[PDB]
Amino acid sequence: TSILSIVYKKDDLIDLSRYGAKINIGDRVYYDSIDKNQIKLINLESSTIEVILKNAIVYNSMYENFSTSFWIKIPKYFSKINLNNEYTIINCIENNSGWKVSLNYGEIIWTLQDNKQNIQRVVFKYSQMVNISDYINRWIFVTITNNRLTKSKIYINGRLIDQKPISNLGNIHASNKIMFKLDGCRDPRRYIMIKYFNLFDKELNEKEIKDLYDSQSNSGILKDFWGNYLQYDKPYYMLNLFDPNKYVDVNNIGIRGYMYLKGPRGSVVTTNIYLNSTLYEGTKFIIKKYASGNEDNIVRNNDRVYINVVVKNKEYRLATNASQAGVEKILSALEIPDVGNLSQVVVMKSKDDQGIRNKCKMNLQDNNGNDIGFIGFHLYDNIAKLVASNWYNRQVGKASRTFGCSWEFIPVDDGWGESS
């Protein structure tokens, strides 16, 4: 199935396919420190990756089906220089035939061109005028399939987005090189991140695409809001997914104080370019390693941790007295040396009981291993206090919907652009 499968190896990129594609990488291509398969391309002629395909696999046909998949992270577009500016990012066009991926303001575009210079395109569009976007500056899994007798199709996160008939196109004779490079982008500050580029010699079906998505998602590792691996000892701003218009706050330090959800959350705006909630709000959370024997700094499903809460630049410990009366246990921020035997061990969750990937949860436990509850919130006189509550766990155990115990962890990221 695979005819090109690019992964990171040794400060370098290689092809795992049988065809051993030659890959020439320019001066100013960068790999992420945490996930080295996340490749960053900037807006400079030296930031290039050139893949040379063997002749045997150059696309030259009226008929062969083919697909590509890859992950991409696209920074927010900030200003009018980004409007109405299509720029190529992955180019397999030679002598005005072949294929390419290009971007534009709120768009991912796939273009096929035949040897009469007939063109068909499919497009994914996303809005920047949304309080919380599923796409802006977040990892997105792209899959494009092509059936020469039917349609080109674009999938995003395993879901069919756009399709167009391509029986108008004759022979397509693509390049024997693929160039990964920002090409024709007028924003000097633009970049992209990409991961796991693949080429397949068929039209992938829906199930194949979903399995690729699930597989390459690493569902045993928790993710931050951007789609990166969640990490120990790294400050995160917290978003409650059920009530995104609030941020976490602490009224007082200590067991007589409490953590709660305060609103309203702010906004960042450029008229007609973007209008989003601010993300860098509330008392930051820092996940501290406790029981994991993993030597790396990544947070895994079922890791037992502590949570540090930052209040005016000082770290306190998220804890509760599970003996307080009622199923819902109100959470406090305690002096780290005053925690005593209060309950503070948290089980981090990236997937449910049947192994289905889902949004981050935190299951607070006592020091005997009994569940005290997933962390969500409850209203006490109109104040939305953070609580650990076993009702949540019972809902989870029954497959029922939960409300307020699903969280995103948001670190500061240079593709988002808000001030902290």
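Throughout, we count residues from 1 along the sequence that is shown.
- Here 318-326 and 188-196 are compared by their mean Cα B-factor, and 318-326 comes out higher.
- Taking only CA atoms, the mean B-factor in the PDB entry is higher for 203-211 than for the other of 203-211 and 140-148.
- Note on the listed residues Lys73, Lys312, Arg304, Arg265: the highest Cα temperature factor in the record is that of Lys312.
- Residue set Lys385, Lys40, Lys361, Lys54: peak C-alpha B-factor at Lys54 (per PDB entry).
- In the deposited entry, the Cα temperature factor of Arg159 places it in the highest third of its chain's modelled residues.
- Residue-level temperature factors show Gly170 in the middle third of its chain, judged at the C-alpha atom.
- In the PDB entry, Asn308 places in the middle third of its chain by CA B-factor.
- In this PDB entry, the Cα temperature factor of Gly404 sits in the middle third of its chain's modelled residues.
- In the deposited entry, the Cα temperature factor of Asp249 places it in the middle third of its chain's modelled residues.
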